[PDB]
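For the record, the sequence lines run as chains A, B, C, D and E.
Basically full-length UniProt numbering = 1-based index in the first sequence + 50.
Basically full-length UniProt numbering = 1-based index in the second sequence + 13.
Basically full-length UniProt numbering = 1-based index in the third sequence + 13.
Basically full-length UniProt numbering = 1-based index in the fourth sequence + 396.
Basically full-length UniProt numbering = 1-based index in the fifth sequence + 1.
Positions of the beta carbon are idealized from the N, C-alpha and C atoms, including for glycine.
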Amino acid sequence: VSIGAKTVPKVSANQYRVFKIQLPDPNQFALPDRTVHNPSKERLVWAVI
Amino acid sequence: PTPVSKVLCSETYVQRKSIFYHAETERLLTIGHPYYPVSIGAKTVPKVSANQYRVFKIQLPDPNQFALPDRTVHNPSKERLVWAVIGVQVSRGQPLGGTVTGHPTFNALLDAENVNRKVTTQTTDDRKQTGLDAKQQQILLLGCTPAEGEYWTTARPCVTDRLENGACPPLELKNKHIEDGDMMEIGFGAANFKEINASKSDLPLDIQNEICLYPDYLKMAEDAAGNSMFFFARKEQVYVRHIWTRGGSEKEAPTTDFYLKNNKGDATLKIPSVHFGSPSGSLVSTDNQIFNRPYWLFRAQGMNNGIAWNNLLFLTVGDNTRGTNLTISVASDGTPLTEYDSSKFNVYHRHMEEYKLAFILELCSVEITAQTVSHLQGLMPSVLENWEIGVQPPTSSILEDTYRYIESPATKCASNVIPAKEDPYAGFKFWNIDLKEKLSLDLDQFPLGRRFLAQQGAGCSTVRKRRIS
Amino acid sequence: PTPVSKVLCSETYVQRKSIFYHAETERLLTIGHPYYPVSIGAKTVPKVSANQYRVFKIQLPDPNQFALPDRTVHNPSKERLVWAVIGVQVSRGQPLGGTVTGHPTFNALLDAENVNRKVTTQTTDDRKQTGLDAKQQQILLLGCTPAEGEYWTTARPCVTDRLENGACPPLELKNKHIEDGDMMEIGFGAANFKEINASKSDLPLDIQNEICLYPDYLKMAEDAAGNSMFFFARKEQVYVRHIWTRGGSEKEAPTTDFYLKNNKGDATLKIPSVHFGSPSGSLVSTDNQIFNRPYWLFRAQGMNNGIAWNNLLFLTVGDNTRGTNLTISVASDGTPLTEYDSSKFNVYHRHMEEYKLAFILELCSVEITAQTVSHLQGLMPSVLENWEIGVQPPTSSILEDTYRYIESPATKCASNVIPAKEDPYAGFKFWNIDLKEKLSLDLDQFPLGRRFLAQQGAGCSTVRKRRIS
Amino acid sequence: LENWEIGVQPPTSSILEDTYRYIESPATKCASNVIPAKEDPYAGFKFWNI
Amino acid sequence: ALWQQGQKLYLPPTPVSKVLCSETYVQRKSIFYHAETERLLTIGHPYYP
């Protein structure tokens, strides 16, 4: 719809709400130890459970 | 147990891990008319001068909220992690040169000259076009809280009434913090001139109507925290270059005990006798400028040796050394001029400043013992809050509304947005530099890293190009 | 010592004794007009509907002030006793059936029919008498604090002005607690319709002008305490049964890109195009209804596995399943009618709902260690007061002045009036069920006791009437 | 394999790229130049971003 | 600090009224019987006599 010079999103009950859940990169995070993966051996990621 | 009675030193409850990070900001540019904000059409042009304390808020990535791939990483409820600066290297990229400033119609009746004709009674106007070179200086500071400045203003005059319209305003000192677009000190005392120059002819046009701050070093050296400044450097030379005289009518002349009258002369002196000199900036060198020189902070001057409390840093860096204005000339018609007219070429005026920021933060875990925890109550109210140490409910646990397209007339207005916890320094504003992602862990990679390891001894690149001569 | 910053599950500082009690409320009845409060003479008739959350406040007998025949009972200053629910069995006594609701003059222009004559321009009125079956559902939830609901309302519009008189109101979500006479959700979104229906033809007459709540399950699942709900059950089926159309003038029709005009037709569409369906509840069964079924609570969904903090319980039970209205017909003269007139018999309208409540509380002693004591400060402000742990300054050591015949004029006036202290939940109101005396210790005696011991294994009566077929 | 930094000519970090303040000013160049920074791939299509 | 008045405190009385479960005084022999009624019919107008 359009009232004035603004809009009104057509929000229906029949539309695939598609979320992009953007994550916090797991590779650039604070490592307070040594057992944390070695810098060049491997990279960390996320896995949904 | 809350037996605390005296300020303590941050090293005592702060554990320093042996981890380092490199936070490099991408080069920042800003350009514009330095003297005052311009307005073409319905848009603006920030008044970007060479005499304004660029004050960066380097917002950090909260250390506490990070990925722990192990157990030796601090236990969840014992200790908290923070940031600690070790190295800072502010890089200034621009061609060296001197800063100049002037004004269309300045107020200067006469100067220090012996063979100049006799002073003509002041005409309706005596103003002239005035050149006035900046008073060269440089100020670099880092800390936790914004740096404080001092200035002079007019203090409310008392009820006692012996007042007149031309009566001299009382004065008084005032503190304030230093924001992003403040004025550097160019030759004249610091004050919100707005109430001191009612003539509009007393200042260089760029500085006028704006407040001149200064570093209240005294105040900074007194705060227990020391949050005000981790360290700091300053280099500034100046000296008189001309000597002038204001052109205002006098409400107070030198009594007859100082001024001896002459034949056919006048009983009282009428021409004003204010002699202010024009500030002069010293020649600038390739060695005098304090920049591009990594500063290793080994011990701060306060009980806080560089702890980024609140995951925040304040960089107050100002220098009129780099800056030089840039002229331009566009044809008033769009076609190269075939003949030389005084009306055809429009003179434009732009100045451009560029910075870079680099930090060598390290990880450091503060213990959370009943005693030390307590202690911070009096050191700071706020860091104990975000940290999640004491609160009614987890911020996350609470559920709050959030809309999509909050600008839609279907939805409520944006003002309601204020309910979420609000940044404290929102009233004041300054350049906001985000470093949440441009942060790494490989020292070798970056410029300031090698520069670091070099000094350390773990160097694949030692800083030595020995020159004999 | 005050170290803790995150909540601890209630089991850790709560000792469970092995004692049980049986609290059975005597059957409760209430009767009245299904739709709105009536008024005959100078008395009233509560509008008792089948679509209102009966919310009981089951006030308990303070545990910490009981009888202890032994030394084994907790030491006077180390520990405190409370109540913990284990079993709840809400019994609903009435004949099963479906709930209906209607309205004298509803707003429905036309329906989903293909052989119906063409739509006549809306006349001055198009309302008709409307039947509308209830959207069958059932909700039960026990907890410490009143359950929270959500609804839609109109949020103040902005200063920005592009307003008109018929302009649609902005909307926004709001929370509230659920009180005794609130409305169940019947087919339409939840909102204080009072500001949404300016037509009086948009709702079923019973629901209109009243607020429709809903269970904000999301909110309940987020509270650390979990006080909001120990457990809960819900069963609700619905589906469209007819499809209708409002009868209001339109401020926004489908643009020409959707609606294709026809010969001799009109440029813009004028008849409103709102298609809301009417929801009819699915057939109700003897097995679907969730009641008379003892609920053994073994682990709550929060850190509070059923602790009656503040010696208080909240039972929010609503279902439109049991309810069916009751008609009546009295002769308008008091004498049986000899002939059948349309004026002689006055139709009356009474409906009646009945409940029962049964709990299997157990005794449980919370320790009172400096640490655990402290802990509750952030869990709840109020239950500490019941404990009496907090200090109250010795100010009865200030000598105030009493007087004799404070009435005498010479004597002080004594005009000031002490103000009675408010209760925690006095602004809101709900059914108040007192259980301070109707509580016991002999499990075998009551209905829900055998039902309990049966499951336990200590049974004189095991719940088994095995049927083979 | 790219973002991860496993194989690339130079660290993105290493490059010094321009960035202005008040890029909407008329003193400064327009926002279109903003595209040079690495661009999200799904930018043509759009969806709720959480 | 001073001696004040607290609300009434409880006690457990004796109804000495426990009911008993009939199995306790009832012995069950192991004998069984089968009582079958012959089919019953009734017919008529349901609405009214």
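- Between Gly290(C) and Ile320(C), the C-beta spacing is not below 8 Å.
- Residue environment analysis places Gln28(E) among the exposed positions, since fewer than 16 neighbouring C-beta atoms fall within 10 angstroms of its C-beta.
- Between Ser293(C) and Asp146(C), the C-beta gap is smaller than 8 Å, which places the two residues in contact.
- If you check each beta-carbon in the region 164-179 of chain C against every beta-carbon of chain A, the ones closer than 8 Å belong to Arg175.
- Within the region 393-405 of chain B, contact with chain C at the beta-carbon level (separation under 8 Å) is assigned to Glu401, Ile402, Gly403, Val404, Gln405.
- For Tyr418(C) and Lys434(C), the gap between their C-alpha atoms comes out near 27 Å.
- Straight through space, the alpha carbons of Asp346(B) and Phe358(B) are spaced by roughly 9 Å.
- Identification of chain B residues near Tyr438(D) by a Cβ-Cβ cut-off of 7 Å yields none; the smallest Cβ-Cβ distance measures about 18 Å.
- Our two residues, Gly440(D) and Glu413(D), have alpha carbons roughly 25 Å apart in a direct line.
- Close CB contacts of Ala121(C) within its chain, under the 6 Å cut and outside five residues either way in sequence, are with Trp257 (chain order).
- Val379(C) and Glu92(C) have their C-alpha atoms roughly 6 Å apart.
- Under the three-state reduction of DSSP output, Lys56(C) falls in the strand class.
- Annotated three-state conformation of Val287(C) is coil, per DSSP.
- Counting along the chain, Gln384(C) sits inside the alpha helix (DSSP H) bounded by residues 383-392.
- The three-state secondary structure of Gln469(B), taken from DSSP, is helix.
- Taking a beta-carbon distance threshold of 8 Å, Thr57(B) counts as an interface residue toward chain D.
- As DSSP reads the structure, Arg29(B) sits in a beta bridge with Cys377(B).
- Residue range 396-400 is occupied by the alpha helix (DSSP H) that includes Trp400(C).
- A Cβ-Cβ distance of about 6 Å is found for the pair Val103(B) and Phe304(B), placing them in contact under the 8 Å criterion.
- Contact between the region 213-227 of chain B and the region 82-92 of chain B is absent, with fewer than three C-beta pairs closer than 8 Å.
- The continuous beta strand (DSSP E) containing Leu154(C) extends over residues 150-156.
- Contacts with chain D (Cβ-Cβ distance below 8 Å) from the region 57-80 of chain A involve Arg67, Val68, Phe69, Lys70, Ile71, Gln72, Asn77, listed in chain order.
- Restricting attention to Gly54(C), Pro182(C), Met242(C), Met196(C), the CA atom closest to the CA of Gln150(C) is found in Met196(C).
- Taking 8 Å as the cut-off, the Cβ atoms of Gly45(B) and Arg363(B) count as close.
- Using a Cβ-Cβ cut-off of 8 Å, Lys232(C) counts as an interface residue toward chain B, since at least one Cβ of chain B sits closer than that to its own.
- Taking the Cα positions, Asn240(C) is about 27 Å away from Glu367(C).
- Contact between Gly115(B) and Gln142(B) holds: CB atoms are separated by about 7 Å, below the 8 Å threshold.
- Assigned with DSSP and collapsed to three states, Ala203(B) falls in coil, not helix or strand.
- Within chain D, the residues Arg417 have their CB atoms less than 9 Å from the CB of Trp444(B), given in chain order.
- Within the DSSP secondary-structure output, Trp257(B) pairs in a beta bridge with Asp124(B), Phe289(B).
- Looking at the DSSP output, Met233(B) bridges to nothing.
- Between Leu21(E) and the set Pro217(C), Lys478(C), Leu456(C), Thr166(C), the nearest pair of CA atoms involves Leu456(C).
- Cβ contact annotation for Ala383(C) (same chain, cutoff 8 Å, sequence separation greater than five): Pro14, in chain order.
- Assignment of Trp322(B) by DSSP, reduced to helix, strand and coil, places it in the helix class.
- Chain-order list of chain E residues neighbouring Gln458(C): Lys19, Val20, by C-beta distance under 8 Å.
- Residue state for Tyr416(D) is assigned as strand, using DSSP reduced to three classes.
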